[PDB]
Amino acid sequence: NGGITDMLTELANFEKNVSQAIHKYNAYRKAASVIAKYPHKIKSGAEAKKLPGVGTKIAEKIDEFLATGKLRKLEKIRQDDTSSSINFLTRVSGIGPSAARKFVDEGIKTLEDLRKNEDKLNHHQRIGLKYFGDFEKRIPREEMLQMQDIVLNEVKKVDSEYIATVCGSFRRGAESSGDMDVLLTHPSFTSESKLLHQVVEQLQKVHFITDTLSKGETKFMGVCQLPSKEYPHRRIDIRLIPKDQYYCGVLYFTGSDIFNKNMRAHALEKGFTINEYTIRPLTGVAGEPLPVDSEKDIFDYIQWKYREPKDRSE
DNA sequence: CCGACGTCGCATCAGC
DNA sequence: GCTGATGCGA
DNA sequence: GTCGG
Ligand SMILES: Nc1nc2c(ncn2[C@H]2C[C@H](O)[C@@H](COP(=O)(O)NP(=O)(O)OP(=O)(O)O)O2)c(=O)[nH]1
Ligand SMILES: [Mg+2]
Ligand code: NA
Ligand code: NA
Ligand code: NA
């Protein structure tokens with residue numbers, strides 16, 4: 001069904017990027033995902049329509065695609081200069097639907113036009129521009145291992161009591177990642193209580209961290225690069241998490257996004273709620289955080305077969 | 001018919 | 001100067 | 001755009 005899901009993803013992008021209709025963006029994604037998992041070749045819109053997330057308007061477009069191998073709206077929007085320029089610019093990290101509109105309105109449409117107009121870009125955007133190609137390359141696990149080796153080593157160096165845990169697709173054992181996600185704790189930061197700055201500073205000292213998109217007391221977002229053809233520049237996030245909310249942190253930032261969604265809806269059916277900090281019991285009556293001393297406890301609570309990070313794709 | 005559609009930390013903007 | 005709203009990327 | 005109160 002690849003043709004149909006490429007069509008739907010491309011509509012979703014225009015809804016988000018150009019139309020600024022986030023809810024139609026999500027509805028097309030929701031339908032692209034349920035169509036992706038469906039083990040038959042779709043022969044009719046009405047057959048699609050059986051699936052949850054596929055309604056009458058997507059059914060119509062499936063039929064037009066089946067009968068013609070395209071949609072008239074999509075062909076038109078691609079041949080539209082304004083729209084397709086707005087869509088493209090949002091590929092720069094730090095340029096969203098709003099900024100891209102503003103650039104395009106004032107004649108700024110390509111990376112070329114962005115490279116000529118630095119004065120009109122915020123700091124995040126300049127970094128996104130500067131690393132445009134690099135931020136779209138993937139990261140083989142062998143480099144993620146090398147990035148990790150470095151991260152754990154410098155972290156332990158600053159203070160032996162830190163615990164650093166690489167999460168995201170890495171922890172799930174993916175053969176390649178889009179980026180590095182790192183979680184951080186320390187005995188002297190819990191909910192009852194420079195810890196991130198010091199780590200970031202050390203990783204800048206040894207030339208691992210090359211730029212900074214944003215930085216606060218608990219969330220850093222930035223760029224790194226392995227030491228030396230020189231490696232691509234890579235996205236890295238580091239979050240400082242309360243030691244006593246550690247396991248909820250690791251679950252959430254281990255993901256995937258789609259597994260967390262799943263686990264959060266199941267947590268509804270069994271009368272609990274889960275964010276990155278806590279699991280709390282719910283008549284909608286979300287009370288106090290529960291004790292947690294393993295990822296498993298969180299599965300124990302909502303009665304779910306514990307799952308290996310390995311198996312948290314869906 | 002019409003409201004819901006996750007939540008979060010940080011940077012930047014609007015407005016007093 | 002400050003607070004609160006919004007943009008952005010998860 | 002899809003769903004469901
Ligand atoms: N609430 C929320 N959480 C998210 C979202 N996206 C991701 N997460 C959570 C779930 C993720 O597990 C975690 C890391 O975010 P990523 O680095 O963008 N995704 P990953 O590491 O899994 O894949 P790769 O890096 O290979 O692209 O953050 C989101 O949109 N919303
Ligand atoms: Mg990641
Ligand atoms: Na349906
Ligand atoms: Na962007
Ligand atoms: Na990430």
Side-chain angles (χ1 to χ4, degrees), chain A residues 7-17 19-35 45 48-62 71 73 86 89-103 120-129 131 135-136 167-169 177-184 196-197 200 212-223 235-242 245 248-249 251-268 272-280 286:
Chain A
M7 170 191 87
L8 298 182
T9 296
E10 200 185 349
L11 294 157
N13 288 344
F14 285 101
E15 289 303 340
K16 163 157 54 89
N17 290 327
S19 301
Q20 297 180 253
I22 195 78
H23 301 309
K24 304 197 199 184
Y25 163 77
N26 288 323
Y28 285 127
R29 278 174 65 214
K30 181 191 188 194
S33 303
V34 86
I35 289 171
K49 195 174 196 317
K50 293 203 239 255
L51 305 164
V54 190
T56 293
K57 290 264 184 62
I58 289 163
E60 262 169 68
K61 298 178 148 81
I62 280 157
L71 281 180
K73 294 189 191 188
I86 288 170
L89 288 185
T90 67
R91 278 168 65 190
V92 180
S93 182
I95 307 193
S98 188
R101 213 83 160 74
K102 283 172 106 177
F103 295 125
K120 317 207 155 155
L121 277 57
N122 77 26
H123 185 66
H124 184 143
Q125 294 166 348
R126 289 175 213 187
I127 306 301
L129 180 53
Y131 294 120
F135 290 176
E136 289 196 355
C167 297
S169 39
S177 297
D179 67 13
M180 177 154 279
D181 304 284
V182 189
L183 272 57
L184 202 54
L196 179 60
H197 171 83
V200 161
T212 288
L213 306 181
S214 64
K215 194 174 95 78
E217 290 176 64
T218 72
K219 163 179 164 204
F220 165 86
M221 293 171 56
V223 183
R235 278 283 289 109
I236 178 174
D237 287 15
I238 301 170
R239 292 151 165 284
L240 180 64
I241 272 157
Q245 311 192 120
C248 288
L251 185 64
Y252 190 103
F253 296 105
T254 293
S256 66
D257 181 38
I258 289 169
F259 168 84
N260 294 345
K261 264 276 206 170
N262 233 256
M263 193 165 189
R264 259 186 252 103
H266 190 75
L268 241 214
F272 305 79
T273 178
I274 297 159
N275 56 50
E276 66 228 75
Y277 295 117
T278 53
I279 174 148
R280 292 170 290 151

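Here is how names work: the chains are called A, B, and so on, in the same order as the sequence lines, proteins then strands, and each is numbered from 1.
- Distance, A:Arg29 CZ to C:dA10 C1': 11 Å, rounded to whole Å.
- Scored by the side-chain hydrogen bond (donor to acceptor under 3.5 Å, both in side chains) test, A:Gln20 finds no partners at all (sequence neighbours excluded).
- Considering only heavy atoms from C-beta on, A:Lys120 stays 4.5 Å or farther from A:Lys102 through its side chain.
- Looking at heavy-atom distances under 4.0 Å, A:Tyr25 makes no contact with the nucleic acid at all.
- Exactly one residue among A:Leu184, A:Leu196, A:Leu240 makes a side-chain contact (heavy atoms from CB on, under 4.5 Å) with A:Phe220. That residue is A:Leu196.
- In terms of the side chain to side chain contact (heavy atoms under 4.5 Å, CB included) criterion, residue partners of A:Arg235 (sequence neighbours excluded) are, by chain and number, A:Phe135, A:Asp179, A:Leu213, A:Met221, A:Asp237.
- Listed here is the closest heavy atom pair of A:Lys61 and A:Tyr28: NZ-OH, 3.5 Å.
- Residue contacts shown for A:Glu276 are limited to sugar-phosphate atoms, with no base heavy atom under 4.0 Å away.
- Note on A:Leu51: only backbone sugar-phosphate atoms sit closer than 4.0 angstrom, heavy atoms only; bases stay farther off.
- For the residue pair A:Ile95 and A:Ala100, the shortest heavy atom distance occurs at CG2-N, 3.5 Å.
- Using a 4.0 Å cutoff to heavy atoms of chain A, the contacted part of DNA chain B runs 5' to 3' from B:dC5 to B:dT12.
- At whole-Å resolution of the value, CD1 in A:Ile236 and P in C:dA10 are 13 Å apart.
- At whole-Å resolution of the value, CZ in A:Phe135 and P in C:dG9 are 12 Å apart.
- One interatomic measurement links the two molecules: CG of A:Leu213 to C1' of C:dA10, which rounds to 12 Å at whole-angstrom precision.
- Between A:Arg280 and A:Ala286, the shortest heavy-atom contact is NH1-CB, 4.4 Å.
- If you check every strand for non-hydrogen atoms under 4.0 Å, A:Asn122 touches sugar and phosphate atoms only.
- Taking atom CD1 of A:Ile22 as the reference point, atom P of C:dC8 lies 10 Å away to the nearest angstrom.
- Going from atom CD of A:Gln20 over to atom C1' of C:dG7 covers 10 Å, rounded to whole Å.
- The residue A:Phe253 sits apart from the nucleic acid: no heavy atom pair falls under 4.0 Å.
- Spacing between atom NZ of A:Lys219 and atom P of C:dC8 amounts to 14 Å, rounded to whole angstrom units.
- The backbone N or O of A:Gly94 lies less than 3.5 Å from a partner atom in the side chain of A:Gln125, making a donor-acceptor pair.
- Contacts of A:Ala99 with the nucleic acid, taken as non-hydrogen atoms under 4.0 Å apart, involve only primed sugar atoms and P, OP1 or OP2.
- Between D:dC3 and B:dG6, the distance separating the two P atoms is 16 Å to the nearest Å.
- Comparing the same atom, P, in B:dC5 and in C:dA10 gives a spacing of 24 Å after rounding to whole Å.
- With sequence neighbours excluded, the residues forming a side chain to side chain contact (heavy atoms under 4.5 Å, CB included) with A:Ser177 are A:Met144, A:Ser169, A:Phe170, listed by chain and number.
- Rounded to an integer number of Å, the gap from A:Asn260 CG to C:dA10 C1' is 12 Å.
- Because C1'-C2'-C3'-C4' is positive for C:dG1, its sugar is assigned to the north class.
- Taking a heavy-atom distance under 4.0 Å as the criterion, the stretch of DNA chain D touched by chain A extends 5' to 3' from D:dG1 to D:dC3.
- Heavy-atom distances to DNA chain B give each of A:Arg239 and A:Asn26 a nearest nucleotide, and the one nearer the 5′ end belongs to A:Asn26.
- Taking the nucleotide of DNA chain B with the nearest heavy atom to each of A:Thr212 and A:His23, the more 5' of the two is matched to A:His23.
- Considering only residues two or more places apart in sequence or on other chains, A:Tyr252 meets the side chain to side chain contact (heavy atoms under 4.5 Å, CB included) condition with A:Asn260, A:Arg264, A:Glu276.
- Residue A:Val34 is classed as having no contact, given no heavy-atom separation below 4.0 Å to the nucleic acid.
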